[PDB]
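Undergrad: Residue numbers (the working numbering), protein chains in the order written: chain A, 6 to 164; chain B, 23 to 159; chain C, 27 to 230.
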Amino acid sequence: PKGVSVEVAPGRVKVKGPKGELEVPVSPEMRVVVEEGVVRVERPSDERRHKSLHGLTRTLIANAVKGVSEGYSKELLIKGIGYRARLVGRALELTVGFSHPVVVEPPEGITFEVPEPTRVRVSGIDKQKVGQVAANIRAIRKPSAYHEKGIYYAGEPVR
Amino acid sequence: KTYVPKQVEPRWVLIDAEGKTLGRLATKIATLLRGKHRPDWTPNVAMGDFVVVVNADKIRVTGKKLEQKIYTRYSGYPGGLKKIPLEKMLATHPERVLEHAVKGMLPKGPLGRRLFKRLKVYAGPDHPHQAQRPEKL
Amino acid sequence: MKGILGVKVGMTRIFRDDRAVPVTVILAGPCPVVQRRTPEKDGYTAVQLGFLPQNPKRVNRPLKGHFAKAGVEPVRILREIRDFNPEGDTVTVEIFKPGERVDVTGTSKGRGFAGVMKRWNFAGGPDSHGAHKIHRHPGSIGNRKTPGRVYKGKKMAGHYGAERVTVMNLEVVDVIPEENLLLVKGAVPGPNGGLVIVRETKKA
RNA sequence: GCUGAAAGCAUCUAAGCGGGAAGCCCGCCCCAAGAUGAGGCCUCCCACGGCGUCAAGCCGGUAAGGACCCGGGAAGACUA
RNA sequence: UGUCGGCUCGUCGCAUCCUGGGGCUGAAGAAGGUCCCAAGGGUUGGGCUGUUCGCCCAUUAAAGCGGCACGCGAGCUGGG
RNA sequence: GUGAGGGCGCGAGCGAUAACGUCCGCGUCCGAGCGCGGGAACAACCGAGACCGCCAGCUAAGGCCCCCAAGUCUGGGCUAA
Ligand SMILES: [Mg+2]
Ligand SMILES: [Mg+2]
Ligand SMILES: [Mg+2]
Ligand SMILES: [Mg+2]
Ligand SMILES: [Mg+2]
Ligand SMILES: [Mg+2]
Ligand SMILES: [Mg+2]
Ligand SMILES: [Mg+2]
Ligand SMILES: [Mg+2]
Ligand SMILES: [Mg+2]
Ligand SMILES: [Mg+2]
Ligand SMILES: [Mg+2]
Ligand SMILES: [Mg+2]
Ligand SMILES: [Mg+2]
Ligand SMILES: [Mg+2]
Ligand SMILES: [Mg+2]
Ligand SMILES: [Mg+2]
Ligand SMILES: [Mg+2]
Ligand SMILES: [Mg+2]
Ligand SMILES: [Mg+2]
Ligand SMILES: [Mg+2]
Ligand SMILES: [Mg+2]
Ligand SMILES: [Mg+2]
Ligand SMILES: [Mg+2]
Ligand SMILES: [Mg+2]
Ligand SMILES: [Mg+2]
Ligand SMILES: [Mg+2]
Ligand SMILES: [Mg+2]
Ligand SMILES: [Mg+2]
Ligand SMILES: [Mg+2]
Ligand SMILES: [Mg+2]
Ligand SMILES: [Mg+2]
Ligand SMILES: [Mg+2]
Ligand SMILES: [Mg+2]
Ligand SMILES: [Mg+2]
Ligand SMILES: [Mg+2]
Ligand SMILES: [Mg+2]
Ligand SMILES: [Mg+2]
Ligand SMILES: [Mg+2]
Ligand SMILES: [Mg+2]
Ligand SMILES: [Mg+2]
Ligand SMILES: [Mg+2]
Ligand SMILES: [Mg+2]
Ligand SMILES: [Mg+2]
Ligand SMILES: [Mg+2]
Ligand SMILES: [Mg+2]
Ligand SMILES: [Mg+2]
Ligand SMILES: [Mg+2]
Ligand SMILES: [Mg+2]
Ligand SMILES: [Mg+2]
Ligand SMILES: [Mg+2]
Ligand SMILES: [Mg+2]
Ligand SMILES: [Mg+2]
Ligand SMILES: [Mg+2]
Ligand SMILES: [Mg+2]
Ligand SMILES: [Mg+2]
Ligand SMILES: [Mg+2]
Ligand SMILES: [Mg+2]
Ligand SMILES: [Mg+2]
Ligand SMILES: [Mg+2]
Ligand SMILES: [Mg+2]
Ligand SMILES: [Mg+2]
Ligand SMILES: [Mg+2]
Ligand SMILES: [Mg+2]
Ligand SMILES: [Mg+2]
Ligand SMILES: [Mg+2]
Ligand SMILES: [Mg+2]
Ligand SMILES: [Mg+2]
Ligand SMILES: [Mg+2]
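1) What does the alpha-carbon distance come out to for the pair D68 of chain C and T49 of chain B?
2) Given this structure, state the Cα-to-Cα distance separating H151 of chain B from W34 of chain B, to the nearest angstrom.
3) Checking contacts by CB at 8 Å: is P132 of chain B closer than that to chain C?
4) From the DSSP output, in three-state form, read off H152 of chain A for me.
5) Give a yes or no on whether the minimum CB-CB distance between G85 of chain B and chain C is below 8 Å.
6) So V124 of chain B and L141 of chain B are in contact, right, with Cβ under 8 Å, and what is the actual spacing, rounded?
7) So, is the C-beta of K178 of chain C closer than 8 Å to a C-beta in chain B?
8) Sort out for me which residues DSSP pairs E226 of chain C with in a bridge.
9) According to the neighbour-count rule (16 or more other Cβ atoms, all chains shown, within 10 Å of its Cβ), is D71 of chain B buried or exposed?
10) Could you pull out every residue in the same chain whose Cβ sits closer than 8 Å to the Cβ of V47 of chain C, ignoring the five residues on either side in sequence?
11) Indicate whether residue 13 of chain B and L36 of chain B have their beta-carbon atoms separated by less than 8 Å.
12) Compute the beta-carbon to beta-carbon distance between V214 of chain C and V130 of chain C, rounded to the nearest angstrom, for a pair I have assumed lies under 8 Å.
13) Kindly indicate the opening and closing residues of the beta strand (DSSP E) around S128 of chain A.
14) For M69 of chain B, which option in B:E121, B:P32 and B:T53 has the closest C-alpha, if you only look at C-alpha atoms?
15) Taking 8 Å as the cut-off, decide whether the C-beta atoms of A183 of chain C and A149 of chain C are in contact.
16) What number of angstroms, rounded off, separates the C-alpha of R137 of chain C from the C-alpha of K180 of chain C?
17) Helix or strand or just coil, what does DSSP make of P132 of chain B?
18) Whole angstroms are fine: how far does the CA of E40 of chain B sit from the CA of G16 of chain A?
19) Alpha carbon to alpha carbon, how far is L54 of chain B from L128 of chain B?
20) So for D79 of chain B, helix, strand or coil by DSSP?
21) Does DSSP put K50 of chain B in a helix, a strand or coil?
22) Kindly say whether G126 of chain B, judged by its beta-carbon, lies nearer than 8 Å to any beta-carbon of chain C.
23) Buried or exposed for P100 of chain C, please, with buried defined as at least 16 other CB atoms from any protein chain shown within 10 angstroms of its CB.
24) State the DSSP-derived secondary structure class of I103 of chain C, mapped to helix, strand or coil.
25) Closer than 9 Å, Cβ to any Cβ of chain C: which residues of the segment 95 to 108 of chain B, in chain order?
26) Can you determine whether any heavy atom of ligand 5 sits closer than 7 Å to the C-beta of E113 of chain C, and answer yes or no?
27) Just to confirm, does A113 of chain B get its C-beta within under 7 Å of one of the non-hydrogen atoms of ligand 23?
28) Going by C-alpha distance, which of A:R54, A:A69, A:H55 and A:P49 is nearest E12 of chain A?
29) For the candidate residues B:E157, B:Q90 and B:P100, whose alpha-carbon lies nearest to that of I106 of chain B?
30) On the three-state DSSP scale, how would you describe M37 of chain C?
31) Grab me the residues of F122 of chain C's own chain with a C-beta within less than 6 Å of its C-beta, minus the 5 sequence neighbours each way, in chain order.
32) Quick one, are the C-beta atoms of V37 of chain A and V46 of chain A less than 8 Å apart?
33) Along the chain, where does the beta strand (DSSP E) that runs through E28 of chain A open and close?
34) Suppose you measure from the CA of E52 of chain A to the CA of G131 of chain B; what does that come to, to the nearest Å?
35) Note the first and the last residue of the continuous beta strand (DSSP E) segment covering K84 of chain A.
36) Find out if the Cβ-Cβ distance for the pair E117 of chain B, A145 of chain B is shorter than 8 Å.
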């Protein structure tokens with residue numbers, strides 16, 4: 006929680022940092038206890054319903070802090086002969102097998118890059134934004150259940 | 023020989039809306055539309071307050087009602103039953119929700135219709151600032 | 027959103043390159059904008075087009091005052107094209123260029139009290155093997171005790187035609203500014219000498 | 001499928017988010033203000049002339065306008 | 001309270017025949033199997049028999065099932 | 001006069017531990033109490049046996065958020081469908 010700038014509102018919480026800042030709407034019936042060089046969260050009870058809500062806001066904010074701490078990002082392996090990505094301007098266009106080569110928009114708050122036609126990272130301040138866009142690309146061509154083609158993460162082949 | 027009331031005068035009200043529970047609000051509202059709060063009350067006459075609601079768009083409702091609570095509406099035609107979820111209503115013309123909720127709690131006779139006109143519903147707030155705007159809660 | 031009034035004159039055919047093309051001759055005669063319709067004080071956007079000149083003898087109506095409040099020659103007929111704000115003067119067949127495509131409205135021919143046979147292209151019954159008093163008749167129209175009534179919509183004999191009809195996506199073949207003629211692909215409602223509005227399509 | 005707790009892990013879910021059907025809502029064509037909750041815009045006409053004091057009425061004349069009648073119509077049973 | 005079948009006109013259900021979407025597959029691909037979502041619309045012509053039903057000929061995206069007094073005789077037919 | 005009875009609870013046969021089915025036994029209500037309150041409506045389920053009158057009063061079942069009389073009553077739990 007260094008160089009961070011937490012804050013508090015009715016339901017949400019702010020988190021400022023080198024990277025920027027993000028809204029972090031969180032549990033209403035929860036405590037957003039701000040300390041010196043640290044934050045915190047406290048639940049009004051010990052119910053089955055309460056427990057679940059606690060940990061969420063716990064992590065949720067921590068990732069918010071982590072987001073502006075350094076920022077998230079993810080790999081992307083392009084297997085298969087033709088298949089290969091190409092960063093055109095801000096946006097990613099990548100061929101794979103469709104006669105028409107797919108082009109992908111560059112969403113706000115996210116910045117992907119092709120360090121090589123067989124690699125694509127996706128840098129972002131939001132663990133959420135990161136997560137979707139990652140899969141979005143993989144979706145463009147799931148892994149071939151019968152071979153080894155199309156997008157992949159850092160997870161084993163399908164085979 | 024019981025007292026029969028004479029020609030009174032409309033008492034306009036002005037109810038809020040935001041936060042208030044749909045059902046619970048309607049309840050009170052109608053009991054104003056009928057005079058049933060005013061001791062000088064009488065069935066056959068019709069002399070309840072001119073209720074005016076504002077910011078009905080901000081009516082709250084418990085549970086999954088926003089999704090589950092569907093309205094029906096049967097056009098005379100075949101397959102003409104057209105249903106509509108609470109969401110969609112509040113999206114589009116919202117006062118509509120509060121309107122019927124009340125309507126459904128007014129007596130079913132002609133003056134029951136007469137009583138409905140007495141209700142002016144909105145979402146702004148701000149009505150046509152006639153004269154009386156005696157806020158209530 | 028282009029739009030312009032006209033009258034169906036009749037129809038024949040012309041030859042594109044070396045292949046014949048059936049066409050109806052609309053006449054989108056000069057139309058003076060008589061009033062603009064803005065949200066500011068109308069709630070919606072549109073343009074009151076006028077069409078066809080008129081002798082002030084019938085215009086005795088204070089309509090003269092309407093035409094006056096816009097300095098226009100009193101026309102005979104005027105209808106609005108919606109969501110179409112031109113420039114402050116007069117529309118021509120010129121709004122349309124060859125190759126464009128148009129939707130066209132008109133009042134279909136009046137077929138009066140129609141037989142269900144024609145009104146709804148039914149099929150009635152046998153010209154032969156019996157009954158003989160039910161040839162062009164509709165047959166059953168319901169069921170027993172349940173429902174016990176008839177659907178609001180039931181196709182039954184009645185007034186057919188003389189209704190409002192819009193036909194979609196006609197291509198504007200030719201346009202002769204010389205004499206105010208629109209040339210479309212034939213199929214257009216109303217009878218000759220009939221009134222008809224014409225506008226841009228919805229291919230997109 | 002993302003982010004994610006209860007439940008140190010894991011989970012598409014419980015808070016929340018994205019993807020997703022000839023289907024739903026709209027969009028397209030027709031009707032539609034008897035939508036008595038009778039809408040709206042442009043223009044035109046405009047005071048009493050006589051009984052009703054008080055009140056909403058009543059009477060013959062009026063305006064802008066309309067109607068009747070007649071000649072007709074790809075409108076039409078009739079009417080419109 | 002007229003009874004089968006046909007004819008006319010249909011309309012509703014969905015336990016889906018086709019087209020749309022999806023998981024699994026003993027899914028390489030193509031094709032198929034099976035389950036889940038999904039009525040919007042579609043669901044042919046003839047031979048035989050009173051027929052319903054069914055067999056058959058030639059096609060189809062498919063030639064779904066069922067409710068509506070086994071819908072429908074103040075609509076028709078009248079082969080049974 | 002009646003010698004078609006009917007439903008409900010209970011106890012049996014028949015029935016298929018089906019039927020607004022049937023056949024006996026005990027009771028009951030309708031029949032004849034389709035008069036009154038409750039149950040949305042409804043012979044026989046719950047309440048109750050209408051001599052007539054009253055712009056009086058207590059209660060029965062049931063009910064007291066609005067249509068609809070009367071508590072959005074008090075206190076302690078549970079349920080998120
Ligand atoms: Mg760093
Ligand atoms: Mg990094
Ligand atoms: Mg990186
Ligand atoms: Mg980086
Ligand atoms: Mg307020
Ligand atoms: Mg929602
Ligand atoms: Mg239905
Ligand atoms: Mg529809
Ligand atoms: Mg207002
Ligand atoms: Mg005028
Ligand atoms: Mg239009
Ligand atoms: Mg439009
Ligand atoms: Mg022009
Ligand atoms: Mg005969
Ligand atoms: Mg004969
Ligand atoms: Mg005959
Ligand atoms: Mg005969
Ligand atoms: Mg005969
Ligand atoms: Mg019949
Ligand atoms: Mg009926
Ligand atoms: Mg020119
Ligand atoms: Mg000229
Ligand atoms: Mg994944
Ligand atoms: Mg996590
Ligand atoms: Mg456990
Ligand atoms: Mg975890
Ligand atoms: Mg959720
Ligand atoms: Mg979206
Ligand atoms: Mg979506
Ligand atoms: Mg219209
Ligand atoms: Mg109109
Ligand atoms: Mg309305
Ligand atoms: Mg004068
Ligand atoms: Mg005077
Ligand atoms: Mg006087
Ligand atoms: Mg005449
Ligand atoms: Mg005539
Ligand atoms: Mg299904
Ligand atoms: Mg099946
Ligand atoms: Mg399918
Ligand atoms: Mg395959
Ligand atoms: Mg499959
Ligand atoms: Mg025989
Ligand atoms: Mg066949
Ligand atoms: Mg059928
Ligand atoms: Mg049967
Ligand atoms: Mg049957
Ligand atoms: Mg039959
Ligand atoms: Mg007969
Ligand atoms: Mg018959
Ligand atoms: Mg028959
Ligand atoms: Mg014979
Ligand atoms: Mg024979
Ligand atoms: Mg015979
Ligand atoms: Mg006996
Ligand atoms: Mg007995
Ligand atoms: Mg007895
Ligand atoms: Mg007995
Ligand atoms: Mg029994
Ligand atoms: Mg007795
Ligand atoms: Mg009774
Ligand atoms: Mg009952
Ligand atoms: Mg009785
Ligand atoms: Mg009784
Ligand atoms: Mg008392
Ligand atoms: Mg008591
Ligand atoms: Mg009690
Ligand atoms: Mg309590
Ligand atoms: Mg309690």
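No residue lacks a Cβ here, since even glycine has one placed at the ideal position from N, Cα and C.
TA: A quick look at the data gives this:
1) 39 Å
2) 11 Å
3) no
4) coil
5) no
6) 6 Å
7) yes
8) C:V128
9) buried
10) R39, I40, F41, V199 and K211
11) With chain B represented from 23 up to 159, any question about residue 13 of chain B goes unanswered, as that position is not in the structure.
12) 5 Å
13) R124 to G129
14) B:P32
15) no
16) 19 Å
17) helix
18) 18 Å
19) 11 Å
20) helix
21) helix
22) no
23) buried
24) strand
25) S97, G98, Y99, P100 and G102
26) no
27) no
28) A:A69
29) B:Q90
30) strand
31) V198 and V201
32) yes
33) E26 to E28
34) 50 Å
35) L82 to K84
36) yes
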